[PDB]
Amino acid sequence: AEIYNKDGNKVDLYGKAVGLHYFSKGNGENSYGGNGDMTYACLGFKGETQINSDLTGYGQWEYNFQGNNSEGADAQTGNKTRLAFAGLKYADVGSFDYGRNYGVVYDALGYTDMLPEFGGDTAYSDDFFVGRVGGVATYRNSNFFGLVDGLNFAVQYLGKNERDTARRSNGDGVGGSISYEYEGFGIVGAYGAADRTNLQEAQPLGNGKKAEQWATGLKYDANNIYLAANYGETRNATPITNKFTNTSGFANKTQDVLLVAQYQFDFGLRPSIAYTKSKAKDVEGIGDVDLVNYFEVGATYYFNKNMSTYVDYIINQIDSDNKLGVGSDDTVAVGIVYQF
């Protein structure tokens, strides 16, 4: 909600309270999304100041406050800053920002990341260019310097992040994307390669000294209709765990397909139908193994722009003999969202 707007500076303080619950049989250990209370709340700000007609400054921070922990020792579990960056937009020359932000490949994956509660399986956090990462410098151009409406691109420099954990670490890398949007249609191609840290390489699964990720996306967004499609691949980038051996590392290779179709009724109901499949190839010891494989049926009802509720049902297609131990049970999310 725009809580401030004077002297060319407007601040938007936003946030949401999400009452959420997951339903899965058993202890949800073998299910797709887990089982039980998953309530949480978000709080963040979006600032934008007009330094003059062509130059705009801006900044954004967003935090995740878990609402399913006790007030005891476990109180902070799951709490984190999602975004934190600042930047400048200049006329038609483009924009540049730095800090914790979305990797460029997400410019692709963003297409299908539209399910009510699940979806966007391949958009992992602190995983190179697919989701939110720290230390990214990002340049973005819109409409090819104003010369070609609908043609956009971005380049992104990822700075090395040596964390205590191989899963949350990364070496330096570069990534870019090109997308074109013409009247309800949109197409994108995104790609990024990077160095893997010593620790990442010291992991049991996966083998290489470079990490790659590219995805393409197609979408039809108009007339209350939303059909989007994604296909991407990766090398030594996708994090995987062998639940049996308790071994971890990255998939040597994965081929990812995400499909989504939705419709927005004028009365507030937005039904959703999706399909996701991500399969690892050449996993040391296992061979080819599905990481994600399901159908999704769900719906969101919007009371207005501030209130809504939804049910997200995952019809898991992963089978019980999945070599890595990926769960095979279904998961049903019900939630009630307030937001400003």
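The first residue of the sequence shown is number 1, and the count goes up from there.
On average the C-alpha atoms of 245-253 have higher B-factors than those of the other stretch, with 245-253 and 169-177 being the two compared.
Higher average CA B factor: 157-165, of the stretches 79-87 and 157-165. When the Cα B-factors of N306, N35, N293, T300 are read from the PDB record, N35 comes out highest. Take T197, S142, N230, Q213 and read off each C-alpha B-factor from the entry; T197 has the highest. In the PDB entry, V332 places in the middle third of its chain by CA B-factor.
Per-chain ranking of the deposited C-alpha B factor places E201 in the highest third.
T276 sits in the middle third of its chain by CA B factor, as recorded in the PDB entry. When the CA B factors of the chain's modelled residues are split into thirds, the value for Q66 lands in the lowest one. When the modelled residues of the chain are ordered by C-alpha B-factor, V289 sits in the highest third.
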